[PDB]
């Protein structure tokens, strides 16, 4: 099996808010692999729900399985019950 561990800073570009069965949850869009900066290749991004105590500007580690699924002719990449962790930064 495959485990993917990403570190990224939560910001206005990579975050979104959805209304769920109970409350509002933030979702982050994180890269599934790396590329040459200024290169023409396409990086697949995965989604993961964030814990409620995380805010914009925080750096997080998102870690777990990723599953690719179809919605129409769009390909969704989703983390399946990942571990999400805040990184301490001063």
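Residue numbers count along the first chain shown, from 1.
Relative to one another, 66-74 and 17-25 have unequal mean CA B-factors, and 17-25 is the one with the higher figure. Remark: residue 6 belongs to the highest third of its chain, ranked by C-alpha B-factor as recorded. For residue 31, the recorded CA temperature factor ranks within the highest third of the chain's modelled residues.
When the CA B factors of the chain's modelled residues are split into thirds, the value for residue 57 lands in the lowest one.
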